[PDB]
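# got an experimental structure here, sequence first:
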Amino acid sequence: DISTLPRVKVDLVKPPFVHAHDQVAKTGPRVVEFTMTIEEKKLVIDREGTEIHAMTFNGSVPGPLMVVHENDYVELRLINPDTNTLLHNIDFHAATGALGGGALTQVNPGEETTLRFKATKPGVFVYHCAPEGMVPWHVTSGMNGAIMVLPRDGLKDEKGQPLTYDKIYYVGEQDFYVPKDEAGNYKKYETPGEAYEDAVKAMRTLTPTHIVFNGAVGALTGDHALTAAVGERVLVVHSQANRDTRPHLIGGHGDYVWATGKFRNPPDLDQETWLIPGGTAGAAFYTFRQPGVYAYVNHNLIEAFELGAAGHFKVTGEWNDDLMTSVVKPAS
Amino acid sequence: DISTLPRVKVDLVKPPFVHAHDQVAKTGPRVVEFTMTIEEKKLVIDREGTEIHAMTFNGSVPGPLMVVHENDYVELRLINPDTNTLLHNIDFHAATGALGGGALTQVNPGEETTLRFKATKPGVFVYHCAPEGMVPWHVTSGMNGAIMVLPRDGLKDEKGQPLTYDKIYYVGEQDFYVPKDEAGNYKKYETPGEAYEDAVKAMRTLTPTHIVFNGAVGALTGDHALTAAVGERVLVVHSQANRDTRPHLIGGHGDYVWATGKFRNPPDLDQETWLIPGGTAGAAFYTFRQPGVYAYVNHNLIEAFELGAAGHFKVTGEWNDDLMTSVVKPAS
Amino acid sequence: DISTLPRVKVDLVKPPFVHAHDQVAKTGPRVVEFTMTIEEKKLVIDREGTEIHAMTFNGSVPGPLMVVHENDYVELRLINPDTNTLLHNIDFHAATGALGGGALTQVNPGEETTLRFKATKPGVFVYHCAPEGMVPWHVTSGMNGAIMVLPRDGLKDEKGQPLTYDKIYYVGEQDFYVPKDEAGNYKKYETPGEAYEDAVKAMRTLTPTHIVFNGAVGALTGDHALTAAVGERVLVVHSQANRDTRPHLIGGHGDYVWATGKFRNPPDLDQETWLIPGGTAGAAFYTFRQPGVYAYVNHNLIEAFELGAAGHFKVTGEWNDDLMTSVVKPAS
Ligand SMILES: O=N[O-]
Ligand SMILES: O=N[O-]
Ligand SMILES: O=N[O-]
Ligand SMILES: O=N[O-]
Ligand SMILES: O=N[O-]
Ligand SMILES: O=N[O-]
Ligand SMILES: O=N[O-]
Ligand SMILES: O=N[O-]
Ligand SMILES: O=N[O-]
Ligand SMILES: O=N[O-]
Ligand SMILES: O=N[O-]
Ligand SMILES: O=N[O-]
Ligand SMILES: O=N[O-]
Ligand SMILES: O=N[O-]
Ligand SMILES: O=N[O-]
Ligand SMILES: [Cu+2]
Ligand SMILES: [Cu+2]
Ligand SMILES: [Cu+2]
Ligand SMILES: [Cu+2]
Ligand SMILES: [Cu+2]
Ligand SMILES: [Cu+2]
């Protein structure tokens, strides 16, 4: 009887940060209550000032990472304020039935709904908006995030031993398809209905104009670089709701990787790069061994360095000359 | 001595259906006899009426699924009637030697041939036409299918326990490259030789115009939706002879997935989405838990909803409110 | 104390050949000394005579395969002669820290440097140039190769039994983005600085003009076909520093495949085709069972047969009619 279970209210945080949770479940199964408010908003996505009309869960691209344990119930109150213009819904790849929830969560502006589903499978999973007939437009406008369903006894390695992270980050990777005129400059639009056909045309090229982490070129750099210390164990959850990606930590590895995100499977060890298929979340665990700057990229390096799919870690601590050293510095 | 083995003649069926077979082999090794007749034919592939000249095995895109057991012999009589115009052959990725058979099966119009090969490796595998110098043109004109080589003791899970499907479907995914003029409309051609250079030009864009299941937009919908009941175990074989895909059951999962199709490997568990590389067949096993409509898609959602890579399941049975429910239906 | 370890100097060979090494380590850990000299040079990459300005390690595309054992130290002397024009460096995906070495190895023309790193993880790994702000340009100009870090006790199968190759080949796959004018012909450039913006424009299409093995269309064919004999065990290392590929041996299989290249993981068995993500090296082991010509391809068959991603094996020995035979040769 679900009414007999504890309820716990989660207050979400903005990516790449993740709301507080316990890796090993400290309670029995619970109804975990989340609220998200849809926000349609202008977002500047590149250094040139390109501005799009983003469609967001909770004001961010990606939407926030939700975290529960296997066999918890996820109860989401989804709010579509009357300041928005479009119909929206939500599909959880973690859920079973009704198109992941999408068939049950269609909200016009000025409406809300509450969905509950049982998180029966452990893993990281995409969630995204999916209104009938408009699905890729909403997803590729930024309306996607992820949910992590932890095993009740936390993560395990390929031998069944515990893997415990000290820090977790959520990197959402977004492909945008900003319409171009025949000279190649972006077009802008006066209403969503006036934008729709050229959004479809742009999408049908299958060639993103921008591929970004955390909603914009450079978002995970500078004062917003990811951080760690030598010796810290970091889990990086990475999602891509629409297109394949191939994450890579420049100067590091994925020590344990669930490339397709599902924790009942043993992780892949020692990865340089891994393929997260479009429509999937994956997760990589790494223990930092060296300080300094790292780049975390999609290793289509054009996508990373020309289109935006690159962020940084800043790692503090002691340099290990046994692992790497300059024997003779560059010289004539 | 192969002449001492039983022969069994298989009568193939049109995809997405699969000819009758036994999961666990009820006999010793056999020579399994198949016949396919090549048919070049016009096919309408979209709702707009776009018509291409398809190149088919047995009149369908994809060609039919062949099913044998490991260490059976596959004996294929391949017929190229004189009503066709082109040379064709067949390459089985299940086979060993002679370019998968292609070097031994070149048939002009008005010819036939018979190939035998031993199915030494269990899995689902692509087969496709591959005439020297014209390979991607034939494949991307629809001339590809798949063969399933079952282990003699049927499928097994990651722990070695049996996995028995109640139903099986074969979804062939086809990328088409319909030539476009500089305004973007499709061109049509008067002979295959007159079409060849612009087919090559279209292919070299690496951007399909259409990506379809079972040969056309919407083919696996309406009266031709896939079906199941709550509690039924379904295997979905999915092939893509030329380009990567990322299948996903919207509202469901791949409970056990051989993404790259080879049954000696343990399946991946609990997948949301999986990557089937171009040139591969994969297979996903799912037990339905909820009734209703599901969409089965390539989860590049542009490819699914704009280019055609989407089909439906219609599932009968009882709704489980424990797994999912609307707590508060959409309202003001 | 690294100074107490043996040093061994390796003399590299041109791909697809691989310098001599032992699979099972015959010594304790060593400092393995390599030297590479960067060469910027013109290369003709197709049958039409298209000529690009390639950026190479050691004069080849790909750069040579380096081979060490786990927990050896790799000490690379990297030389940038004054006959080159550009700044270069090197990033090893096998290494830990300093962007894989790139932060420590920036060499102007007329400079050299020596980097040492400990090869702590077994696998095949990409290495590539990565100068800040110019990364995809150098990589997609050919400036990438691979390193194999063997387990000290050699390769093992999924059950922990030895896998010993008789021959090894290194296939580097290169995506080139030759700039096109609005009629579609390639452009040529008078200096690297004058080429840079249109190189970036070409790359941003995400559509390679050429995808080649060993630096050119047809490079691994004819007198330069790969060779083997029936019964020989062959390891094919395959890298792609920037874009996904899907290798396939036409007429064969990958009997044991590390698609993402890391030997602590069990190999995938019986693969037809496998996905090597951009930014990764993979390795496939096969025992030949039939003589004749094989094609080794990227199984996007457009990429293989139209853009260049195809090579050949020529295999000597006895034909096995049990595995495959023509029962009735093509006839009227
Ligand atoms: O708790 N049964 O899904
Ligand atoms: O968190 N200690 O494994
Ligand atoms: O190529 N990714 O959908
Ligand atoms: O080494 N990563 O580009
Ligand atoms: O979902 N396996 O990582
Ligand atoms: O039955 N030997 O392949
Ligand atoms: O088919 N019964 O497992
Ligand atoms: O991107 N698939 O070949
Ligand atoms: O949830 N599938 O788009
Ligand atoms: O081929 N492994 O699914
Ligand atoms: O040998 N420690 O990396
Ligand atoms: O090299 N003999 O296994
Ligand atoms: O589609 N490969 O990057
Ligand atoms: O069978 N390979 O194209
Ligand atoms: O890296 N696993 O092949
Ligand atoms: Cu929406
Ligand atoms: Cu989805
Ligand atoms: Cu054909
Ligand atoms: Cu093939
Ligand atoms: Cu360089
Ligand atoms: Cu790299």
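Ah, there it is. Numbering: from 1, shown residues only, chains lettered A, B, ... in the order given. Ligands and ions are numbered 1, 2, ... in the order given.

# how's chain A carved up into domains?
A:1-151, A:152-318 (curated CATH domains).

# now these in JSON lines, with mean neighbour count and distance to residue C:134?
(C-beta placed from N, C-alpha, C; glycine too.) Converted to JSON lines, the domains of chain A look like this (neighbours: other Cβ atoms under 10 Å in any protein chain shown; distance: least, Cβ to Cβ, whole Å):
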{"stretch": "domain A:1-151", "mean neighbour count": "21", "distance to residue C:134": "17"}
{"stretch": "domain A:152-318", "mean neighbour count": "21", "distance to residue C:134": "9"}
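
# format those domains as CSV; extra columns: distance to residue C:87.
Formatted as CSV, those follow (distance: least, Cβ to Cβ, whole Å):
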stretch, distance to residue C:87
domain A:1-151, 23
domain A:152-318, 16
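
# quick one, which of these gets closest to ligand 8.
domain A:152-318 (7.4 Å; Cβ to the nearest ligand atom).

# is ligand 10 within reach of that closest one?
No: applying Cβ under 6 Å from any ligand atom, one finds domain A:152-318 out of contact with ligand 10, separated by at least 11.8 Å.

# got JSON lines for the domains of chain A, with distance to ligand 9 too?
Formatted as JSON lines, the domains of chain A follow (distance: least, Cβ to the nearest ligand atom, whole Å):
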{"stretch": "domain A:1-151", "distance to ligand 9": "4"}
{"stretch": "domain A:152-318", "distance to ligand 9": "6"}
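
# between the ones you listed, which one is nearest to ligand 15?
Nearest of the domains of chain A (Cβ to the nearest ligand atom): domain A:152-318, 5.4 Å.

# and the closest one, is it in reach of ligand 16?
No: against ligand 16, domain A:152-318 shows no contacts by Cβ under 5 Å from the ion, the least distance being 10.6 Å.

# just the terminal-to-terminal distance for that domain.
35 Å (Cα to Cα, to the nearest Å).

# now do stretch A:36-52
21 Å.

# ok, and what's touching it?
Residues outside stretch A:36-52 that contact it (Cβ atoms under 8 Å, 6 or more residues apart in numbering or on different chains): A:12, A:53-59, A:61, A:63-64, A:76-81, A:84-86, A:88, A:90, A:107, A:141-143, A:176, A:178, A:186, A:188, A:210, A:212, A:215-218, A:308.

# so which of the residues you listed are also by ligand 3?
Okay, of the contacts of stretch A:36-52, nothing touches ligand 3 (Cβ under 6 Å from any ligand atom).

# which ones among the residues you listed are found in strands?
In strands, defined here by DSSP state E, the members of the contacts of stretch A:36-52 are A:53-57, A:76-80, A:176, A:210, A:212.

# ok, residue A:54 - contacts?
A:40, A:41, A:42, A:43, A:61, A:141, A:142, A:215.

# ok, 10 Å please
By Cβ atoms under 10 Å, 6 or more residues apart in numbering or on different chains, residue A:54 lies in contact with A:39-45, A:60-61, A:141-143, A:174, A:176, A:215.

# list the beta-bridge partners for it.
residue A:41 (DSSP bridges).

# now swap in residue A:168 and tell me
residue A:235.

# can I assume it is in contact with residue A:148?
Yes: using Cβ atoms under 10 Å, residue A:168 makes contact with residue A:148 at a distance of 8.4 Å.

# what sits in contact with each of these two?
Shared contacts of residue A:168 and residue A:148, counting by Cβ under 10 Å, 6+ apart, come down to A:18, A:21, A:65, A:67, A:235, A:237, A:283.

# the second one touches residue A:149, doesn't it?
Pointing back at residue A:21 there. No: shown here, residue A:21 and residue A:149 do not form a contact pair, counting by Cβ under 10 Å, at 11.1 Å.

# now do the shared contacts for those two.
By Cβ under 10 Å, 6+ apart, residue A:21 and residue A:149 have these common neighbours: A:66, A:67, A:68, A:69.

# the strand or helix carrying the first one pairs with which strands, parallel or anti?
Assigned by DSSP states H and E, residue A:66 belongs to strand A:65-69. The partner list of strand A:65-69 in its sheet, established with DSSP bridges, is strand A:144-150 (parallel).

# next, see if the strand it pairs with gets close to ligand 16.
No: contact of strand A:144-150 with ligand 16 (Cβ under 5 Å from the ion) is absent, the minimum separation being 9.4 Å.

# continuing past that strand, what's the next helix or strand?
strand A:155-156.

# any residues touching whatever helix or strand comes next after that following strand, and which ones?
Per DSSP H and E, the first helix or strand lying C-terminal to strand A:155-156 is strand A:162-163. Contact with strand A:162-163 is made by A:23-24, A:153-157, A:233, A:235, A:255-256, A:263, A:267, A:285, A:287, as judged by Cβ under 10 Å, 6+ apart.

# for the closest residue to ligand 20 within the stretch 151-300 of chain A, give the beta-bridge partners.
Residue nearest to ligand 20 within the stretch 151-300 of chain A: residue A:250 (15.5 Å; Cβ to the ion). Beta-bridge pairing for residue A:250 (DSSP bridges): residue A:295.

# now residue A:174
residue A:212.

# which two among the ones in strands among the contacts of stretch A:36-52 are spaced furthest apart?
Farthest pair in the ones in strands among the contacts of stretch A:36-52 (Cβ to Cβ) is A:77 and A:210. Separation: 31.4 Å.

# excluding chain neighbours, give the residue nearest to residue A:267 in space.
residue A:256 (3.8 Å; Cβ to Cβ, 6 or more residues apart in numbering or on different chains).

# dihedrals phi and psi, the one you found?
phi -140, psi 120 (degrees, to the nearest 10).

# ok, the one 5 residues further on next?
Main-chain dihedrals, residue A:261, degrees, to the nearest 10: phi 80, psi 10.

# that one contacts residue A:283, doesn't it?
Yes: using Cβ under 10 Å, residue A:261 and residue A:283 qualify as a contacting pair, with a distance of 5.9 Å.

# what touches both of those two?
A:123, A:124, A:146, A:148, A:237, A:238, A:239, A:276.

# now the residue lying closest to residue A:80 once chain neighbours are set aside: how far from residue A:135?
In space, and not counting its chain neighbours, residue A:80 is closest to residue A:107: 4.1 Å by Cβ to Cβ, 6+ apart. Between residue A:107 and residue A:135 the computed distance is 16 Å (Cβ to Cβ, to the nearest Å).

# show me the contacts for the residue of the stretch 101-250 of chain A found nearest ligand 5.
Residue nearest to ligand 5 within the stretch 101-250 of chain A: residue A:123 (6.5 Å; Cβ to the nearest ligand atom). By Cβ under 10 Å, 6+ apart, the contact set of residue A:123 is A:70, A:93-94, A:146-151, A:258, A:260-265, A:280-283, B:253, B:269-272.

# before we move on, the earlier item: so which of the domains of chain A is nearest residue B:8?
Closest among these, using Cβ to Cβ: domain A:152-318, at 37.3 Å.

# quick one: which of the contacts of residue A:54 is nearest residue B:200?
residue A:176 (31.2 Å).

# how close does that closest one get to ligand 10?
Distance from residue A:176 to ligand 10, counting by Cβ to the nearest ligand atom, to the nearest Å: 33 Å.
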